[PDB]
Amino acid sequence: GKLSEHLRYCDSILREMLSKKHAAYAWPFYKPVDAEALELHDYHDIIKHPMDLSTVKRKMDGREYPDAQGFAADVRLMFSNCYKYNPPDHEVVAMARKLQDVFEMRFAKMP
C-alpha cells in the first residue's frame, strides 16, 4: 500500500526537523509547551489542541496516523498554534516560520 510508503517518507521529514542542523530554530517545538513553567496562564484558553514534534513522533511511531495527510495536519497545527497564540513580531514566530520552511518543502517533494 502506497499509504504507508508515504508515511515512511514522513518519518524522514520528522527526522529532518529533529535533526541537529535545524536546532537553532527548531528547539521550541521539541517538547510540548509547558504553560505552567513558562507562566502562560493564557495558553490553554487559546490553544485547544497543543502539538509538538515529540507528540507527533509518538503518534507516528505508534502508527496513529492513518495517512500522510493526518501527519501533515498535526505538524501544521503545531505551527498554527504558535502563530495564533503569539504576537506576529515575536521571534518564536520567526523560528516557527523557518522550521515550517523545512517542513513544507520536504513534504512537497514526497514521491
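Sequential numbering from 1, following the sequence displayed. Between two forms, the rigid core is the largest collection of C-alphas that superpose within 1.5 Å.
Looking at 72-80 and 34-42, the one farther from the shown form in 7 other deposited structures of this protein by average CA distance, after a rigid core fit, turns out to be 34-42. The question of which stretch, 101-109 or 2-10, has the higher mean Cα B factor is settled in favour of 2-10. Averaged over CA atoms, B-factors in the entry run higher in 24-32 than in the other of 53-61 and 24-32. Between the residues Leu77, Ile46, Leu38, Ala68, the entry's highest C-alpha temperature factor is the one at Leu38. Among all modelled residues in its chain, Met95 ranks in the middle third by Cα B-factor.
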